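Below: one protein chain in two forms, given as structure tokens, structure 1 then structure 2.
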Structure 1
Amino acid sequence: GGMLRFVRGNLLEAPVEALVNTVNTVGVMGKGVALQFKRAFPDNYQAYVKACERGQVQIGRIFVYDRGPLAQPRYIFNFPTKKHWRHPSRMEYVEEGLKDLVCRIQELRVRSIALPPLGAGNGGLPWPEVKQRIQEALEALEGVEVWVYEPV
């Protein structure tokens, strides 16, 4: 039927198939969640740098790294919440990106996934608006467990 869950803790130790990373489109993961993802998942990071180098990372597209069929998590979903790191996030970026998140979850038969507060740290977006978008987008999903890490 589906299940969406608000939790506290550290996203990167979520017991899930797919992890959502918050990225920009300019090829650096210099702070926040993205810095932790660079440290925790170096291979994902190199692949992101390469994808940025092409022109392949843009707003409204998740950049997926497959860590292998025996990897847990198996997927890093690099979610663009910024264009340049110098500028804030925008609600639109989160709306467009959620739409692509839903597609790829289905396409990849992703059964469980965890996210942070998209755009609400270095992006400056109000959490309550971000949450709603996340709820409307993702509780819809059938046979997918969703873990959402609320801030404080």
Structure 2
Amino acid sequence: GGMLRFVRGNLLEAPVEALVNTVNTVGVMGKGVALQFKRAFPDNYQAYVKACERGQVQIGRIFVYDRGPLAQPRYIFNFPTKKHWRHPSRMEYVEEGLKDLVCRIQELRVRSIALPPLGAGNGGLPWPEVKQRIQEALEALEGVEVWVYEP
């Protein structure tokens, strides 16, 4: 029963197994979605900082933090949309990230996941095009309920 739904509300409240946080690769969660994630999920933030220090966080390479089998959300999928926090999000980086998103969902047998609009909206990437790429990527997931929070 896989299904893609586009919704409004507080991403952090989504009642799912995995949340996507939109991040950069330099180890800063200072604004926007990432700031909300830093405040809500401090252990993910520290793990993310260490993964960045190691060079593990790169374009097309989601950094997943596991909060444990009894947690909800269990996973934080730290999705890079840009290198430095001052740079804009870039469409190529969202495209490569969405491919890896599918990879990590499958690897981890995640059955429900919620995403922000991946750098779209409010002066960022064009939402119609981002929405289209999300649809292309994430309607080819069998059995996964995907919730996308609109700009």
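Here the rigid core means the biggest group of C-alpha atoms that line up within 1.5 Å when the two forms are laid on top of each other. All residue numbers here refer to structure 1's sequence, counted from 1. Only residues modelled in both forms are compared.
- Matching each structure to its source, the form deposited with adenosine-5-diphosphoribose bound turns out to be structure 1.
- Just one of the listed positions, 112, 58, 122, 36, moves its Cα by at least 2 Å between structure 1 and structure 2 when the rigid core is held fixed, and it is 122.
- CA movement of residue 140 between structure 1 and structure 2 equals 1.4 Å, with the two forms superposed on the rigid core.
- On core superposition, residue 19 has its C-alpha offset by 0.2 angstrom between structure 1 and structure 2.
- Segments of at least three consecutive residues in which every Cα is displaced by 2 Å or more between structure 1 and structure 2, once the core is aligned, occur only at 121 to 123.
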